[PDB]
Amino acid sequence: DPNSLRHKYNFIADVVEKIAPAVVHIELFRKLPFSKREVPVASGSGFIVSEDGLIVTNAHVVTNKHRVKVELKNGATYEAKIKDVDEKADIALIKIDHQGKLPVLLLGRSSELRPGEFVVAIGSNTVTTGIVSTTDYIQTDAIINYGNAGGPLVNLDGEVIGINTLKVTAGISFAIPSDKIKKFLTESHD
């Protein structure tokens, strides 16, 4: 039955299946006090914004300090390189040397978001959904935790319209807008 409710109405499933591949797991490693032996300090999610392997996450998953390894949905790990890390903006860009063209999430214009729009908050995997709760930051219903922090908050078209953050206020989560990411990204390409 394509007249069935499950087929007719799992539009979030449809979005997640489309974006999961471009969402990646990031791990921050620090060196032990007087050792050459590094160990993971921070873990998070990010996503790919370019075929050759540019990746964006927030400044908490990645900070210029440490060493970063990326792991792709498929399960191959990759030493990643830190191209830029704006702390004020809470955004980070890293690059991995992948063999062949990668899958990419396009950015949506977060000024077009309408209050009430469904969005999907996704990481590495773990996915929650909700709506845009306010027209800075984008606020939302959707739970954000360590499973999806750093990862994208997307609209029903599969367009990144935020980065998930762990800031929460009275049940409401906060994400950095894609418009800040657009900005950040163009000012790095300098």
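Start at 1 and count along the sequence shown; that's the residue number.
**Q** Can you tell me how many deposited residues have no coordinates between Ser124 and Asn125? The categories are none, 1 to 3, 4 to 9, and 10 or more.
**A** Gap between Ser124 and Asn125: 4 to 9 unmodelled residues.
**Q** Please say, as none, 1 to 3, 4 to 9, or 10 or more, how many residues of the deposited sequence are without coordinates in the interval between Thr135 and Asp136.
**A** The entry leaves 10 or more residues without coordinates here.
**Q** Averaging only over Cα atoms, indicate whether 113-121 or 80-88 has the higher B-factor in the PDB entry.
**A** So the stretch with the higher mean C-alpha B-factor is 80-88.
**Q** Mean CA temperature factor from the deposited coordinates, higher in 4-12 or in 181-189?
**A** Comparing 181-189 with 4-12, the higher average CA B-factor belongs to 181-189.
**Q** Have a look at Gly150, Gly158, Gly162, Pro33 and flag the one whose Cα has the highest B-factor in the entry.
**A** That would be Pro33.
**Q** Relative to the other modelled residues in the chain, which third contains the C-alpha temperature factor of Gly130: lowest, middle or highest?
**A** Ranked within chain, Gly130 CA B lands in the lowest tercile.
**Q** State the tercile, meaning the lowest, middle or highest third, of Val41 with respect to the CA B-factors recorded for its chain.
**A** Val41: CA B-factor falls in the highest third of its chain.
**Q** Grab the CA temperature factor for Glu27 from the record and place it in the lowest, middle or highest third of its chain.
**A** Middle third - that is where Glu27 ends up once the chain's C-alpha B-factors are sorted.
**Q** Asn145's Cα B-factor: lowest, middle or highest third of the chain?
**A** As the PDB entry reports it, the C-alpha B-factor of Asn145 lands in the lowest third of its chain.
**Q** Check where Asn64 lands among this chain's C-alpha B-factors and tell me if it's the lowest, middle or highest third.
**A** Within its chain, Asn64 is a highest-third residue by C-alpha B-factor, going by the deposited values.
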